[PDB]
């Protein structure tokens, strides 16, 4: 592999425009419904195949979610005078993240199928985001996911989906295989950075190559703050914009790995496809859409993970290329594909662009009056974007949590 990474540059970031109507999510209505009064969900991982297509099994649409319990009645989460503090609860959720699954014949109105892995199966208590892949017409599934604290390790667990006429259940998911961790030469380690990023496996079979790959979030290797900003990372900045502040501490990247064979048992770490040194620290949940012979690389990020003297909205950013290993071009010239409106900047997150143009999100925080907001923990309205060359256009909206399958497999 003789390739060079594409840099997302400060010059690119300066082009990022908030509240572009073609590139901005509709405003979440504060009277939004919730899909469960018992649990929170946020990161949503639809069941798909190695080609990236959303798959239904025996007419059942399937999604996996990062999940946690609503502590409505637990005394630990009580306000002064003994009231349930929904906010403190919601914001403490990442520590108790578990992966659950839901099912529906309609892609809507989801039924809770419960927990994927029994407690104690995951090496780490935290089960963070990844991808469920349908291996088989017998229903076998490899759940790639992230084991966090201690450390950060990409891993997989095999199981199996069994459908009935009116319900769906899971078998297996009893043994987790750790695949790899940050190496220190290419991707940044805990040793080098206590706040290092390493998570979110999205496996895929390349159509031109036939080989098994995966994207993941990472940081560029090196001790924290040792990265320097050269004119490469700067890009072709305008006069008066040479001041980068503490940009040295932002070193986000989209990592790449390749499997020895399609079983996905052993993985060789490769150089990153996208690096954002001096621009953004977090390029999370990377994922591909394959369209018009092109590689559409999407990755989500935050307003407040941008480097100094740079800004953008919370949402999904994107890059397009003719080949897997680049060179990539930022979507819509700046990289921004779908951003939250500035009036409700944190209404949604974890935008997952599917090959049918549908984009799913979970509702985080919707403003009401002054400093108070309503928290969600439920799916946002699914939007459709249209991809055209290196430009995206939002095109219409569907119902809350609408995640239809593109293809049905009979077992």
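Positions refer to the first chain, counted from 1.
The question of which stretch, 244-252 or 106-114, has the higher mean Cα B factor is settled in favour of 244-252. Taking the mean C-alpha B-factor of each stretch as recorded, 42-50 and 364-372 are not equal, and the higher mean is that of 364-372. For the set 174, 181, 136, 325, the maximum C-alpha B-factor listed in the entry falls on 181. Ranking 162, 273, 214, 262 by Cα temperature factor from the entry places 214 first.
Remark: residue 301 belongs to the lowest third of its chain, ranked by C-alpha B-factor as recorded.
Per the deposited record, the Cα B-factor of residue 352 falls in the lowest third when ranked against the other modelled residues of its chain. In the PDB entry, a CA B factor belonging to the highest third of its chain's modelled residues is recorded for residue 331. Ranked against the other modelled residues of its chain, the C-alpha B-factor of residue 158 as given in the entry falls in the lowest third. Residue 342: CA B factor lies in the highest third for its chain, per the PDB record.
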